[PDB]
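Raw contents of protein-v5.txt, compact mmCIF, C-alpha atoms:
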```
# COMPACT_ATOMS: atom_id res chain seq x y z
CA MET C 1 0.00 0.00 0.00
CA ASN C 2 1.18 3.53 -0.61
CA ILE C 3 0.03 7.09 0.00
CA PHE C 4 -1.91 7.15 -3.24
CA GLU C 5 -3.82 3.97 -2.54
CA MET C 6 -4.47 5.11 0.97
CA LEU C 7 -5.91 8.53 -0.02
CA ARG C 8 -7.86 7.07 -2.80
CA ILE C 9 -9.65 4.81 -0.26
CA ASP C 10 -10.26 7.74 2.07
CA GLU C 11 -11.39 10.22 -0.57
CA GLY C 12 -13.04 8.14 -3.26
CA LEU C 13 -13.22 9.12 -6.90
CA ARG C 14 -15.93 11.39 -8.43
CA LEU C 15 -15.99 12.73 -11.93
CA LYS C 16 -18.64 15.39 -11.36
CA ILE C 17 -18.56 18.45 -9.05
CA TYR C 18 -19.75 17.32 -5.70
CA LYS C 19 -19.95 18.59 -2.09
CA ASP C 20 -17.48 17.69 0.81
CA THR C 21 -18.62 16.26 4.07
CA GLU C 22 -18.41 19.89 4.77
CA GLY C 23 -20.64 21.07 2.02
CA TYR C 24 -17.79 22.38 -0.16
CA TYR C 25 -17.52 22.06 -3.84
CA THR C 26 -15.00 19.28 -4.78
CA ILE C 27 -14.13 17.07 -7.61
CA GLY C 28 -11.85 14.14 -8.36
CA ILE C 29 -10.03 12.56 -5.52
CA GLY C 30 -10.81 15.07 -2.78
CA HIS C 31 -9.67 18.15 -4.71
CA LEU C 32 -11.47 21.08 -3.03
CA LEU C 33 -12.49 23.64 -5.58
CA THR C 34 -13.91 26.49 -3.48
CA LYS C 35 -15.47 27.14 -0.11
CA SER C 36 -17.95 29.48 -1.82
CA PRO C 37 -21.54 28.53 -2.20
CA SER C 38 -21.84 29.05 -5.89
CA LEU C 39 -21.54 26.22 -8.25
CA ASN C 40 -20.73 28.91 -10.62
CA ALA C 41 -17.69 29.95 -8.65
CA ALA C 42 -16.83 26.21 -8.44
CA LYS C 43 -17.21 25.70 -12.14
CA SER C 44 -14.89 28.57 -12.86
CA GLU C 45 -12.23 27.30 -10.50
CA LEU C 46 -12.62 23.96 -12.18
CA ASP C 47 -11.91 25.27 -15.62
CA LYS C 48 -9.00 27.32 -14.29
CA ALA C 49 -7.58 24.10 -12.73
CA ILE C 50 -7.88 21.89 -15.82
CA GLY C 51 -7.33 24.43 -18.57
CA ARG C 52 -10.41 23.71 -20.53
CA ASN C 53 -14.08 24.23 -20.46
CA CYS C 54 -15.25 21.33 -18.41
CA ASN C 55 -18.77 22.24 -17.69
CA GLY C 56 -18.58 20.52 -14.27
CA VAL C 57 -17.18 17.20 -15.39
CA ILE C 58 -13.64 15.74 -15.82
CA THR C 59 -12.06 12.51 -17.07
CA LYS C 60 -10.24 10.00 -14.84
CA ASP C 61 -7.11 11.19 -16.36
CA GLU C 62 -7.68 14.73 -15.17
CA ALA C 63 -8.69 13.51 -11.74
CA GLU C 64 -5.45 11.68 -11.35
CA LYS C 65 -3.52 14.69 -12.58
CA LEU C 66 -5.04 16.83 -9.87
CA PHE C 67 -4.43 14.08 -7.41
CA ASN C 68 -0.73 13.91 -8.32
CA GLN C 69 -0.37 17.66 -7.81
CA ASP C 70 -2.26 17.63 -4.55
CA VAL C 71 -0.09 14.84 -3.03
CA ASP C 72 3.08 16.63 -4.18
CA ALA C 73 1.80 19.85 -2.57
CA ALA C 74 1.00 18.13 0.75
CA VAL C 75 4.52 16.63 0.96
CA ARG C 76 6.12 19.99 0.07
CA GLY C 77 4.02 21.78 2.60
CA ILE C 78 5.13 19.37 5.32
CA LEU C 79 8.82 20.01 4.33
CA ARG C 80 8.40 23.79 4.39
CA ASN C 81 6.85 23.82 7.73
CA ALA C 82 9.34 23.67 10.61
CA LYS C 83 7.01 22.10 13.07
CA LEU C 84 5.75 19.56 10.51
CA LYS C 85 9.08 18.66 9.02
CA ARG C 86 10.40 17.96 12.42
CA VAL C 87 7.84 15.26 13.19
CA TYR C 88 7.92 13.97 9.58
CA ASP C 89 11.67 13.39 9.68
CA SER C 90 11.32 11.59 12.96
CA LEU C 91 8.74 9.11 11.72
CA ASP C 92 8.97 5.70 9.91
CA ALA C 93 7.63 5.20 6.35
CA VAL C 94 4.12 4.06 7.19
CA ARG C 95 3.46 6.72 9.83
CA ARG C 96 4.74 9.38 7.43
CA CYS C 97 1.80 8.40 5.17
CA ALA C 98 -0.63 9.09 8.08
CA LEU C 99 0.77 12.63 8.44
CA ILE C 100 0.57 13.22 4.72
CA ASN C 101 -3.12 12.10 4.77
CA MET C 102 -3.97 14.58 7.54
CA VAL C 103 -2.28 17.44 5.68
CA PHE C 104 -4.07 16.59 2.43
CA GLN C 105 -7.45 16.65 4.26
CA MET C 106 -6.89 19.52 6.56
CA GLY C 107 -4.09 21.70 5.14
CA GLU C 108 -0.63 22.49 6.71
CA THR C 109 -2.17 24.99 8.96
CA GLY C 110 -4.84 22.79 10.44
CA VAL C 111 -2.42 20.01 11.25
CA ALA C 112 0.13 22.35 12.67
CA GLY C 113 -2.45 23.23 15.32
CA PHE C 114 -2.39 19.72 16.63
CA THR C 115 0.48 20.83 18.88
CA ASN C 116 0.21 18.26 21.67
CA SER C 117 -0.36 15.30 19.35
CA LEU C 118 2.59 16.31 17.15
CA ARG C 119 4.76 16.35 20.28
CA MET C 120 3.68 12.92 21.31
CA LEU C 121 4.21 11.46 17.81
CA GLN C 122 7.67 12.91 17.91
CA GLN C 123 8.38 11.20 21.16
CA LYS C 124 7.02 7.98 19.79
CA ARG C 125 4.32 7.71 22.37
CA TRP C 126 1.94 6.01 20.01
CA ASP C 127 -0.91 5.13 22.39
CA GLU C 128 -1.01 8.54 23.97
CA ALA C 129 -0.99 10.35 20.71
CA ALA C 130 -3.85 8.17 19.41
CA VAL C 131 -5.96 9.13 22.40
CA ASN C 132 -5.10 12.92 21.94
CA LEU C 133 -5.82 12.98 18.12
CA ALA C 134 -9.33 11.59 18.83
CA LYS C 135 -10.21 14.62 20.92
CA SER C 136 -10.82 16.83 17.96
CA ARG C 137 -13.39 18.21 15.66
CA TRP C 138 -11.70 16.19 12.96
CA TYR C 139 -12.45 12.90 14.69
CA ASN C 140 -16.01 13.74 15.62
CA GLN C 141 -16.92 14.94 12.08
CA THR C 142 -15.22 12.10 10.08
CA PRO C 143 -14.89 9.30 12.65
CA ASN C 144 -14.26 6.27 10.27
CA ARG C 145 -11.60 8.04 8.31
CA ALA C 146 -9.97 9.64 11.43
CA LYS C 147 -9.89 6.30 12.99
CA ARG C 148 -8.08 4.64 10.10
CA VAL C 149 -5.44 7.40 10.27
CA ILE C 150 -5.19 7.12 13.91
CA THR C 151 -4.72 3.25 13.84
CA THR C 152 -2.04 3.96 11.29
CA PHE C 153 -0.17 6.24 13.72
CA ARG C 154 -0.84 3.84 16.55
CA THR C 155 0.48 0.64 14.89
CA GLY C 156 2.77 1.67 12.18
CA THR C 157 1.06 -0.94 9.93
CA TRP C 158 -1.44 -0.75 7.07
CA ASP C 159 -3.96 -2.97 8.75
CA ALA C 160 -6.75 -0.33 8.91
CA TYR C 161 -6.77 -0.21 5.20
CA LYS C 162 -6.66 -3.97 4.68
CA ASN C 163 -10.10 -4.32 5.36
CA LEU C 164 -11.00 -1.58 2.92
```
Would you encode the structure as structure tokens?
Amino acid sequence: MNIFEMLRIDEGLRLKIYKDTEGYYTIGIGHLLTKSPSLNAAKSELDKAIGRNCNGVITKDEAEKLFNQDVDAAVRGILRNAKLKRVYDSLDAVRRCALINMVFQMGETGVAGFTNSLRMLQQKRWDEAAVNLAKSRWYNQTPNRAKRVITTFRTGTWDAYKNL
């Protein structure tokens, strides 16, 4: 399993503009288009992103293109962020995927506010960190996904995704 397989399980794939768990306009593999309530704003962002007139719909091809860019951006944002890079560099390969997944979903900024959990992950206190991550808006709003990420940080294995 790899970061792409993992995110593709968590995000799904949709070829038509759709709304987030949050109500935001999205497309592809979890590519947020806008937080604005107009489909028209969304459509415009869409066309800007793909470089063609899409009229609200993209090919698989395009979805994966966006996905490649978004993963690249998440990794780069982790590296650019002092607090994030620190924990990243301290972690093993599988747990690094769990951090990337959080950043993709929540943005650099959001994850950086998980101060206490980041600290615990750094110290390799897996069980404690898993308990702290669960005390969040994140966990309460998307419990099944948060819990797969969390098991990933807890165990260092891909078992949570084996099922799936």
Using all atoms of stretch 129-136 of chain C listed in the file and a margin of 6 Å per side, can you give the axis-aligned box centre and edge lengths in Å to one decimal, as AutoDock Vina command-line options?
```
--center_x -5.9 --center_y 12.5 --center_z 20.2 --size_x 21.8 --size_y 20.7 --size_z 16.4
```
Please work out which residues fall within 12 Å of (-6.7, 25.0, -12.1), coordinates as given in the file, with only C-alpha atoms counting, and return them as a PDB file with C-alpha atoms, in the frame of the given file.
```
ATOM      1  CA  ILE C  27     -14.130  17.070  -7.610  1.00  0.00           C
ATOM      2  CA  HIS C  31      -9.670  18.150  -4.710  1.00  0.00           C
ATOM      3  CA  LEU C  32     -11.470  21.080  -3.030  1.00  0.00           C
ATOM      4  CA  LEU C  33     -12.490  23.640  -5.580  1.00  0.00           C
ATOM      5  CA  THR C  34     -13.910  26.490  -3.480  1.00  0.00           C
ATOM      6  CA  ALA C  42     -16.830  26.210  -8.440  1.00  0.00           C
ATOM      7  CA  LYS C  43     -17.210  25.700 -12.140  1.00  0.00           C
ATOM      8  CA  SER C  44     -14.890  28.570 -12.860  1.00  0.00           C
ATOM      9  CA  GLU C  45     -12.230  27.300 -10.500  1.00  0.00           C
ATOM     10  CA  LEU C  46     -12.620  23.960 -12.180  1.00  0.00           C
ATOM     11  CA  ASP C  47     -11.910  25.270 -15.620  1.00  0.00           C
ATOM     12  CA  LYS C  48      -9.000  27.320 -14.290  1.00  0.00           C
ATOM     13  CA  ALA C  49      -7.580  24.100 -12.730  1.00  0.00           C
ATOM     14  CA  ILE C  50      -7.880  21.890 -15.820  1.00  0.00           C
ATOM     15  CA  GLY C  51      -7.330  24.430 -18.570  1.00  0.00           C
ATOM     16  CA  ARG C  52     -10.410  23.710 -20.530  1.00  0.00           C
ATOM     17  CA  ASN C  53     -14.080  24.230 -20.460  1.00  0.00           C
ATOM     18  CA  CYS C  54     -15.250  21.330 -18.410  1.00  0.00           C
ATOM     19  CA  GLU C  62      -7.680  14.730 -15.170  1.00  0.00           C
ATOM     20  CA  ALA C  63      -8.690  13.510 -11.740  1.00  0.00           C
ATOM     21  CA  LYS C  65      -3.520  14.690 -12.580  1.00  0.00           C
ATOM     22  CA  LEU C  66      -5.040  16.830  -9.870  1.00  0.00           C
ATOM     23  CA  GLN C  69      -0.370  17.660  -7.810  1.00  0.00           C
ATOM     24  CA  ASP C  70      -2.260  17.630  -4.550  1.00  0.00           C
TER      25      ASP C  70
END
```
(request) Kindly give the distance, in Å, that separates atom CA of residue C:100 and atom CA of residue C:142, rounded to a single decimal. (result)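 Distance reported for this atom pair: 16.7 Å.
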(message) Could you list, as a list in words, every residue within 8 Å of residue C:60, counting only C-alpha atoms and ignoring same-chain residues fewer than 4 positions away?
(response)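 Contacts, with the query itself left out: residues 15, 28 and 64 of chain C.
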(request) Skip residue C:132 itself and residues of its chain fewer than 4 positions away, then list as an NGL selection string all residues within 10 Å of it, counting all atoms listed in the file. (result) :C and (114 or 116-118 or 120 or 127-128 or 136 or 150)
Hey, what's within 10 Å of stretch 72-87 of chain C if we count all atoms listed in the file and toss same-chain stuff fewer than 4 positions away? As a PDB file with C-alpha atoms, in the coordinates of the input, please?
```pdb
ATOM      1  CA  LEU C  66      -5.040  16.830  -9.870  1.00  0.00           C
ATOM      2  CA  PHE C  67      -4.430  14.080  -7.410  1.00  0.00           C
ATOM      3  CA  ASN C  68      -0.730  13.910  -8.320  1.00  0.00           C
ATOM      4  CA  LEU C  91       8.740   9.110  11.720  1.00  0.00           C
ATOM      5  CA  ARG C  96       4.740   9.380   7.430  1.00  0.00           C
ATOM      6  CA  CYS C  97       1.800   8.400   5.170  1.00  0.00           C
ATOM      7  CA  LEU C  99       0.770  12.630   8.440  1.00  0.00           C
ATOM      8  CA  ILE C 100       0.570  13.220   4.720  1.00  0.00           C
ATOM      9  CA  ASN C 101      -3.120  12.100   4.770  1.00  0.00           C
ATOM     10  CA  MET C 102      -3.970  14.580   7.540  1.00  0.00           C
ATOM     11  CA  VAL C 103      -2.280  17.440   5.680  1.00  0.00           C
ATOM     12  CA  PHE C 104      -4.070  16.590   2.430  1.00  0.00           C
ATOM     13  CA  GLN C 105      -7.450  16.650   4.260  1.00  0.00           C
ATOM     14  CA  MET C 106      -6.890  19.520   6.560  1.00  0.00           C
ATOM     15  CA  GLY C 107      -4.090  21.700   5.140  1.00  0.00           C
ATOM     16  CA  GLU C 108      -0.630  22.490   6.710  1.00  0.00           C
ATOM     17  CA  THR C 109      -2.170  24.990   8.960  1.00  0.00           C
ATOM     18  CA  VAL C 111      -2.420  20.010  11.250  1.00  0.00           C
ATOM     19  CA  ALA C 112       0.130  22.350  12.670  1.00  0.00           C
ATOM     20  CA  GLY C 113      -2.450  23.230  15.320  1.00  0.00           C
ATOM     21  CA  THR C 115       0.480  20.830  18.880  1.00  0.00           C
ATOM     22  CA  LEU C 118       2.590  16.310  17.150  1.00  0.00           C
ATOM     23  CA  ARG C 119       4.760  16.350  20.280  1.00  0.00           C
ATOM     24  CA  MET C 120       3.680  12.920  21.310  1.00  0.00           C
ATOM     25  CA  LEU C 121       4.210  11.460  17.810  1.00  0.00           C
ATOM     26  CA  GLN C 122       7.670  12.910  17.910  1.00  0.00           C
ATOM     27  CA  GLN C 123       8.380  11.200  21.160  1.00  0.00           C
ATOM     28  CA  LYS C 124       7.020   7.980  19.790  1.00  0.00           C
TER      29      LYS C 124
END
```
(message) List as a VMD selection string the protein and nucleic acid residues near residue C:144, meaning an atom at most 12 Å away when only C-alpha atoms are counted, but skip any in the same chain fewer than 3 places from it.
(response) chain C and resid 9 to 11 134 138 to 141 147 to 151 160 to 161 164
(request) Calculate how many Å separate atom CA of residue C:16 from atom CA of residue C:36, rounding to one decimal. (result) 17.0 Å
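Our summary of the geometry notes that atom CA of residue C:157 is positioned 27.8 Å from atom CA of residue C:20.
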(message) Using all atoms listed in the file for the distances, tell me which of C:4, C:35, C:146, C:130 is nearest to residue C:22.
(response) C:35
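Using only C-alpha atoms, the nearest neighbour of residue C:159 within the list C:129, C:89, C:1, C:58 is C:1.
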